[PDB]
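Participant:
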Amino acid sequence: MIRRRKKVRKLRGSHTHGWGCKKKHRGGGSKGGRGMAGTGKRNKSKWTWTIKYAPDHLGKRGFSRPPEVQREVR
Amino acid sequence: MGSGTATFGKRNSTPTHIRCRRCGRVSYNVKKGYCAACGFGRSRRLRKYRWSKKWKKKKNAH
Amino acid sequence: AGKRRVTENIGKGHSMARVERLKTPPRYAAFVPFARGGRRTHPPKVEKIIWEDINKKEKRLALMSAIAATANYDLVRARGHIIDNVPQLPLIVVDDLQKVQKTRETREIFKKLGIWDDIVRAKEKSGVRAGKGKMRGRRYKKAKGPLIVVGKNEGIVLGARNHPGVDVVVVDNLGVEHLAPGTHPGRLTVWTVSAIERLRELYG
Amino acid sequence: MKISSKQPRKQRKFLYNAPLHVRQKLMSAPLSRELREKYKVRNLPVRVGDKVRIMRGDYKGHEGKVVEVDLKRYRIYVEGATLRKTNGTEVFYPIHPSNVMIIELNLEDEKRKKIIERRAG
RNA sequence: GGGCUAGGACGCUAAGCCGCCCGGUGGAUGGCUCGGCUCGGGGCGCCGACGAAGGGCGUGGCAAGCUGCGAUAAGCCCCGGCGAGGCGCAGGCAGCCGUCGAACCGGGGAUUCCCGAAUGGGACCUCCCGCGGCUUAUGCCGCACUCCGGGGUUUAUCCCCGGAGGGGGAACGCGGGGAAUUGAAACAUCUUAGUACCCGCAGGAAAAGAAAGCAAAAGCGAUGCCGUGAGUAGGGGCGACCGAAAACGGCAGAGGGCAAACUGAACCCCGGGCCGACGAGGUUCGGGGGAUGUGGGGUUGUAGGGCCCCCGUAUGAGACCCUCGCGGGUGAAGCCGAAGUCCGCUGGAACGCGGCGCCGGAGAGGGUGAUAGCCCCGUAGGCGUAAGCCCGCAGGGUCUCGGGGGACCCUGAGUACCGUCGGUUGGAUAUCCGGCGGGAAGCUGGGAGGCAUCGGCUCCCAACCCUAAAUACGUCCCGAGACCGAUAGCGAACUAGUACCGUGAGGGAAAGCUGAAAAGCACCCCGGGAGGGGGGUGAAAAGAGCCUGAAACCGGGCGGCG
RNA sequence: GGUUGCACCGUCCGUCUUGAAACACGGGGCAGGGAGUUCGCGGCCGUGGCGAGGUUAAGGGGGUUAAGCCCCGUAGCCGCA
RNA sequence: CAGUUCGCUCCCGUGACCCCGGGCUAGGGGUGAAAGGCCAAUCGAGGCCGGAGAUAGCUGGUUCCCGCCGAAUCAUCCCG
RNA sequence: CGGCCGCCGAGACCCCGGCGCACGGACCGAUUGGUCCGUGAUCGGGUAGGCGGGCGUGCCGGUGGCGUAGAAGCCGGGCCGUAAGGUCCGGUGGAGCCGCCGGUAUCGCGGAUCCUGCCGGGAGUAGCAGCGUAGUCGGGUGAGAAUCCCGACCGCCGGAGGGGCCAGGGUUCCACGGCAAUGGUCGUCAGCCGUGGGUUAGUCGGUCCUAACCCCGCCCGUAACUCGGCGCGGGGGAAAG
Numbered sequence: 001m002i003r004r005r006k007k008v009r010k011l012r013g014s015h016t017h018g019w020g021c022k023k024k025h026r027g028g029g030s031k032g033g034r035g036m037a038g039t040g041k042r043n044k045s046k047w048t049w050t051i052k053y054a055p056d057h058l059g060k061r062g063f064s065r066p067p068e069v070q071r072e073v074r
Numbered sequence: 001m002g003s004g005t006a007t008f009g010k011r012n013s014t015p016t017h018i019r020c021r022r023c024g025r026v027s028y029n030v031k032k033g034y035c036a037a038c039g040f041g042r043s044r045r046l047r048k049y050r051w052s053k054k055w056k057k058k059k060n061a062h
Numbered sequence: 052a053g054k055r056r057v058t059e060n061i062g063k064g065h066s067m068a069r070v071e072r073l074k075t076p077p078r079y080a081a082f083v084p085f086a087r088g089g090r091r092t093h094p095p096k097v098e099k100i101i102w103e104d105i106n107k108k109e110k111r112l113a114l115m116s117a118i119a120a121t122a123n124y125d126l127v128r129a130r131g132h133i134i135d136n137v138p139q140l141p142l143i144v145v146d147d148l149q150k151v152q153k154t155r156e157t158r159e160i161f162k163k164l165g166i167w168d169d170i171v172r173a174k175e176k177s178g179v180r181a182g183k184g185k186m187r188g189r190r191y192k193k194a195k196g197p198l199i200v201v202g203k204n205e206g207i208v209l210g211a212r213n214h215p216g217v218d219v220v221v222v223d224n225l226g227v228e229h230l231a232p233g234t235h236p237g238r239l240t241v242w243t244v245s246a247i248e249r250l251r252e253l254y255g
Numbered sequence: 001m002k003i004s005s006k007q008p009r010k011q012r013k014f015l016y017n018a019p020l021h022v023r024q025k026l027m028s029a030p031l032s033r034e035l036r037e038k039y040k041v042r043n044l045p046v047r048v049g050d051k052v053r054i055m056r057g058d059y060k061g062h063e064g065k066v067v068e069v070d071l072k073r074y075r076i077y078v079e080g081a082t083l084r085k086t087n088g089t090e091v092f093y094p095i096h097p098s099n100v101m102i103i104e105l106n107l108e109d110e111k112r113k114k115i116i117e118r119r120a121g
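Chains BL, Be, BD and BU, in that order, give the protein sequences. Residue numbers for the first sequence, in the authors' numbering: 1 to 74. Residue numbers for the second sequence, in the authors' numbering: 1 to 62. Residue numbers for the third sequence, in the authors' numbering: 52 to 255. Residue numbers for the fourth sequence, in the authors' numbering: 1 to 121.
Structure below.
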């Protein structure tokens, strides 16, 4: 319905095409590392994250139930 | 070897590669007794590979 | 494609780009979109979208909506049907019509009802299409006209598939496509007494 | 609602590619109306031993004997459907059997004769 | 206007600039599409020492390629099918063949070089050789690598008869060997990943498969596969990531054989005959295999397994296999199949327009001089047969069962399990598999229920074997398209895996369009002229890579400037 | 409308860049080809059905030339503390 | 002329010499009177194919128009 | 330098008319959108970026049109649109093609030392010279002769610019007929093009032997092999021994 090219345009001929400086569009570096990468990083990477409460801390602590011990109730 | 390529090249004169008894391509190296293409002399089998080479001609043929 | 064309890099030191060609000829390669013979950029995949859900509740309401449009005069003239039997929107006829399954017999009856005139419209050609794509198929074909709903005599009438632009159905197979193709409802219908009764029972 | 090739390209392939024998069914031509009713045979595969009238093209109502029927070209040569050739001779004008109607037959062969009479009508 | 002087004049301004027009060049654009691509439905679902796949060389009237064949050489023969022209792509010239029925299509048969797993030995696609059969000789026919099975004999292990193996295959499948770039913004564990790549091997499907299972403890009674569980449990610098199953709903459905107990040659293979429709089956006669055990019984669970009894008690009744007449359907891809080629008009030609008229259990799609329901292939409908397949109808042959009484049958070994090192996995103490060391039990027993051990409780029998079907693929056929359309789509619409490159492994293009008909340029003028110009076609910006015929750019001309 | 004379103003284009007429980088000219795409998952938005529930997936019946749509399956997911 | 050539000059020129044909050794390997030289116009680790569309915070490019609003080039943290 | 007066001199500011935006009011529609009026002095530059409306391309469906009395396409002109782009005429061309509405994408090109294809300037320039610097007159032939042939005359070469051969090439050999192309220029010549033809072996060599060395079976290794070294047994290895 919006033609992406219609916005991209041949239009905007921004050519940057909603990316900014030409240098920016590239590899993993813009992203800050792949994926979830950088959450863990002590070092600057992503710390804070595109999570609202930011990132919650790492060490899932606490233990597991066997599935069997869980009666379901309703 | 490097440059002076004209000065060098009097061999090739001697041949080490032919029309093969098995495949018919240009690789039955008379010296080894091995066909580079087909693998005749070396193997009972035809040379064929994942990359391939042999396969590619065959698909191309299809 | 693009694995049958190997691709090798032609270096620097010669005042051209570092963009790959092929060994021996300097031609078309792979891992290019700028080149002749190169990959297209974002080729069509078999994983491409091909379904759009629409709820069972939603579809039936859509069906209802297209049949209702027929009762209206304004939609009916826009749709292009030209009717000589105006107070009879849509027209219901006695149960005997369904059993007829011969082209000559179903023809005669339409002329007498005044609804043969609509088929005359459907004869006019509306699919010798513009564009090269015609070659592959879907050219030299007719156009749409009345829809006939029956209750019985199988799932189609064996003489009414003949007539131009006429599409046959039963109430146990009726879909939006037949009732209002290209999203243009108000397509005249000719009903069978048992079909109207079974549709009364609207279910889903 | 029909079984069909709705591929025009595939349909072409079948016509060009076809066996020499199957081609006989394409070289058939409609019978002049009286004969067509009488035998009750709509069409029959044309011969050189028959008489024919050329019914479409510049020649219309013109008549002649079929000299050759050539299956690979898909055209036949009729007497009096001619061109004048630039040295000084009158040569046949190839035309398709679809343009043509076979006014009289000729039966001096059993294979042809057996069909026309029996299963065809 | 004449003469004289002076000012300013455009008149013939090279070189050169711009705009248009004409011609040329070039091959864009549109339209054209005997090609692809992906999907779906089926088919194909293997072949080979009875010499394959792959390759080489010949083979045509003229043959350079492609295609096909093989010295009987674009083919030979039979039968059936279509049946009246053909002589592959390939329109030439010439000649030929075919009703004692071609071309063509199907089925079967003949010939099928040399190399090749290439098997007698070696080779640079050739050559040599040891036997034996046979014709007087040349000619010609059969043979000798390596297993198993059986003989022969100086038992030289030396040779003979029988059966096999190897190699290929479009992907898929099963079992082995096994990375790194990368990710973790570094990087070693981790990740990529059991991926890429490599070895062995099988089929048309594989494998798995009738619980030493499962474990909502409740409820189930083979196994694949799909959805889902679930991005869940779980693993992990506990970082990045990694990552099930049980179960459910479905699909398709199928259960069987040994070892042993107890029997112990009752047996199998080979050849010959009789009896029998020369078949199934049964009988007999000569060898070979076989107690280191052929064969009978039996198999999760034990039935007393042995020996007993009591009653139905081989009473009774299938169930399975073979033959042969008949009938039925499928199947040589072949047949049959409705209805305008009417009038007036345009045109080179109507498949157009206008006017009239027609068929339909049937207005799909090509084609034809253009745009055709009614011109031609065809269509809804029904039908055909040799081989081959399936079924019933006449016979022959084979062939089943059920309880309690004592030790219940003994009931699978380097296995189960333990300990030590890996590999791997999600597998956690609680994966799976190997290796190294140790090592059970006699159903009076063993294993399993996600740590160890002991008790209860519930389930189930590993260490022996096989398994249809449902599920993978795209070589091939058909059908399909919100796909592409010749600088695009397959490497490749064609002379393609060609030309060509590279020692080799390997790499690899470009190249589509006459016209109604070839009428493919006669005749006439000119020209050294195979070159080129005028006249000759409905129309030659239709005149020979010939539909259209752009831009860059090049000549000339027009306007303007100069 | 073409072209040209005259008046006036004007140091390409694109990109790099704080600053490009540049003695920064790229381009002979023209034609064609040429770059925000697909799946999964999450967070948003608009719009539509249904309603404390809501939706089917897998599937096979059915219909069709085929197929879509139709009606049937409700496993599971999420919501309802 | 030549992707390593030409002429003059110059070194060796019975030798640890030159040369032909056959044959051997293959990529972290060979070979080296040892220069990181050489192993087929490619060598401080050959070439071919595959992984592979590696990945790069880095250079270049990213194509229709119009209307409306219209920046920051700062801060904290970060093998930054 | 300290005063002063009149003027000149922006797109600013004033002023007429128009246009868009924002907001209010009304109306219109089947959705999006549109129209009419009013208010704005305090609305109108613009890169990154955000949003919003339109345009165009290919194909699909419905709908509704066009075409040999001339489609698309091509070239120049006319008209409309802020514009992206639409539309009409003339020439050319000689079969297909629009509009609307709903969809969809291998959807719009000025750059990428872009990729491919075609083309101009450079140029009628450089090269066609450098090494031991070679031709020339009559005559023959032919459409065309500096470079084809015959004679004469003048030279180079002298272990080679000559003779015989191995490898290697593969018909280049030889005859006849030619010159479009090829030959560092012409060409009647040729190694090109067309068409025919030619390599004959007891006594030459191959073939035999065996070398350095190689392969095969077997034995063995390896997870295994188209892999690997030994030991046996056989077979192969010099067109300059």
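Note that CB positions come from ideal geometry on N, CA and C, so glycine has one too.
Between BL/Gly35 and BL/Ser45, is the Cβ-Cβ spacing less than 9 Å?
Facilitator: Cβ atoms of BL/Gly35 and BL/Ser45: not closer than 9 Å.
Participant: Whole angstroms is fine: what's the gap from BU/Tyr77's alpha carbon to BU/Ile3's?
Facilitator: 36 Å
Participant: Where DSSP assigns a beta bridge to Be/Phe40, which residues make up the other side?
Facilitator: Be/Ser43
Participant: Could you name the residues of the region 25-42 of chain BU whose beta carbon sits closer than 8 Å to any beta carbon of chain BD, in the order they occur along the chain?
Facilitator: So nothing in the stretch comes that close.
Participant: Rounded to whole angstroms, what is the Cα-Cα separation between BD/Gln149 and BD/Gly206?
Facilitator: 11 Å
Participant: Pair every Cβ in the region 97-108 of chain BD with every Cβ in the region 209-216 of chain BD, then say whether three or more of these pairs are closer than 8 Å.
Facilitator: In short, these stretches do not touch, since the Cβ pair count stays below three.
Participant: For the alpha helix (DSSP H) holding BU/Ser28, just list the boundary residues, first then last.
Facilitator: Element bounds for BU/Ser28: not the alpha helix (DSSP H) but the beta strand (DSSP E), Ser28 to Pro30.
Participant: Excluding sequence positions up to five away, which residues of its chain have a Cβ less than 8 Å from the Cβ of BD/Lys54?
Facilitator: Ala81
Participant: Can you give me the C-alpha to C-alpha distance between BU/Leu35 and BU/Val66, rounded to a whole angstrom?
Facilitator: 18 Å
Participant: Can you give the beta carbon distance from BD/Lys193 to BD/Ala211, rounded, assuming they're within the 8 Å contact cut?
Facilitator: Distance from BD/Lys193 to BD/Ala211 at the Cβ level is roughly 14 Å; contact not present, criterion being Cβ atoms closer than 8 Å.
Participant: In or out: BD/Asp169 buried (at least 16 other Cβ within 10 Å) or exposed?
Facilitator: buried
Participant: Measure the C-alpha to C-alpha separation of BL/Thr50 and BL/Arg42 and round it to an integer number of angstroms.
Facilitator: If you draw a straight line from the Cα of BL/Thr50 to the Cα of BL/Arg42, it is about 16 Å long.
Participant: According to DSSP, which residues form a beta bridge with Be/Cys35?
Facilitator: Answer by DSSP bridge pairing, in chain order: Be/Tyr28.
Participant: Specify the secondary structure class of BD/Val57 as computed by DSSP and reduced to three states.
Facilitator: coil
Participant: Let me make sure I understand the geometry here. Which of BU/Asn106, BU/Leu20, BU/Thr86 and BU/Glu104 has the alpha-carbon closest to that of BU/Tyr74?
Facilitator: BU/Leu20
Participant: Could you tell me the alpha carbon to alpha carbon distance between Be/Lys54 and Be/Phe40, rounded to whole angstroms?
Facilitator: One C-alpha to the other measures close to 13 Å.
Participant: Do you know how far the Cα of BD/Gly233 is from the Cα of BU/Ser28?
Facilitator: 43 Å
Participant: Along chain BD, which residues have their Cβ under 8 Å away from the Cβ of BU/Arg12?
Facilitator: Going along chain BD, no residue has its Cβ under 8 Å from BU/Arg12, so there is no contact; the nearest lies around 10 Å.
Participant: Go ahead and pull the three-state DSSP assignment for BD/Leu112.
Facilitator: helix
Participant: Given a limit of 9 Å on CB to CB distance, which residues of the region 163-189 of chain BD reach chain BU?
Facilitator: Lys185, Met186, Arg187, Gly188 and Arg189
Participant: On the DSSP letters alone, give me the boundaries of the beta strand (DSSP E) that BU/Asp70 sits inside.
Facilitator: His62 to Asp70
Participant: Can you tell me whether BL/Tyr53 sits near the ligand HEM, meaning its C-beta is under 8 Å from at least one heavy atom of the ligand?
Facilitator: Among the ligands in the structure shown, none appear at all, so the ligand HEM cannot be discussed.
Participant: Locate the alpha helix (DSSP H) running through Be/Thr7, then write down its first and last residues.
Facilitator: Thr5 to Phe8
Participant: Can you give me the Cβ contacts of BD/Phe161 inside the same chain, cut-off strictly under 6 Å, excluding the 5 residues immediately before and after it?
Facilitator: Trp167
Participant: Is the region 224-239 of chain BD in contact with the region 113-129 of chain BD, if contact means three or more CB pairs nearer than 8 Å?
Facilitator: yes
Participant: Residues bridged to BU/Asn43 by DSSP?
Facilitator: DSSP lists BU/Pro30 as partners of BU/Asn43.
Participant: Can you pull the chain BD neighbours of BU/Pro8, defined as C-beta to C-beta under 7 Å?
Facilitator: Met186 and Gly188
Participant: Could you tell me whether the region 100-110 of chain BU touches the region 39-58 of chain BU, using the rule of 3 or more Cβ pairs below 8 Å?
Facilitator: With a cut-off of 8 Å, the region 39-58 of chain BU and the region 100-110 of chain BU count as touching, because enough Cβ pairs lie within range.
Participant: Could you run through the region 209-241 of chain BD and flag, in chain order, every residue whose CB is less than 7 Å away from some CB of chain BU?
Facilitator: Per Cβ criterion, the list reads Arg212.
Participant: Could you please give the first and the last residue of the uninterrupted alpha helix (DSSP H) stretch that includes BU/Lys51?
Facilitator: Note, BU/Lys51: premise wrong, no alpha helix (DSSP H); beta strand (DSSP E) at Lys51 to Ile54.
Participant: From which residue to which residue does the alpha helix (DSSP H) around Be/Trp55 run?
Facilitator: Residues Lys54 to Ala61.
Participant: Mind checking which residues open and close the alpha helix (DSSP H) that includes BD/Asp169?
Facilitator: Here the alpha helix (DSSP H) through BD/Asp169 covers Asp168 to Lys174.
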